[PDB]
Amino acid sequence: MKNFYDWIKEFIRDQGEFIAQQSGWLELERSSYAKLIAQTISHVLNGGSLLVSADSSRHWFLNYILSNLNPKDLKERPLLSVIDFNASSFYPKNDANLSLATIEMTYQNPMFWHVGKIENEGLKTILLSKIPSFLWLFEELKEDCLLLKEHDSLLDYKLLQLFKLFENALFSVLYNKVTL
């Protein structure tokens, strides 16, 4: 076989290279993704709320979203209206209609921010509802979504980047550094 120490060395280079190589992915291909962010931003700046859900492979990312939008030390940031909707009682299982009615009744202005596989018919039904969404999907459930290669080896990195893009965009407009 090949020595681990030589192995790890080669490996480290391809890894970093492949990364640089793909760095442009998002701009190459720039989408409607801007308008989604736009609308989501408007949504949020209008006081609406963000009910975040994720497929079972992306819990770590739901977590990431929650702690990066509202970090332990807020400093002078807003407290952003963000809900871990995965963990919520209203997360649809049997009867999205009740999930949906209750949700509409509890919140003033909810929006669904879902990321990844739609793993049940309950959630499909709600994301197809008329409540505002922010769909980061592997398959275009709907016109207005952000499409993502599921089996991409760099999927995990692009979620950060996109989030980071989203976080920056939202605060750049909240803080009047940019005109939406």
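All residue numbers refer to positions in the sequence shown, first residue = 1.
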Response to the item:
Taking the deposited Cα B-factors and averaging over 162 to 170 and over 21 to 29, the higher mean is found in 21 to 29
Worksheet item: Which wins on mean Cα temperature factor, 54 to 62 or 141 to 149?
Response: 141 to 149
Fill in: Residue, from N109, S81, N86, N94, that the PDB entry assigns the highest Cα B-factor
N94
Worksheet entry | Largest Cα B-factor, entry values, listed residues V44, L154, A34, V115 | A34
Practice prompt. Pull the Cα B-factor of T40 out of the PDB entry and bin it into the chain's lowest, middle or highest third.
Written response: lowest
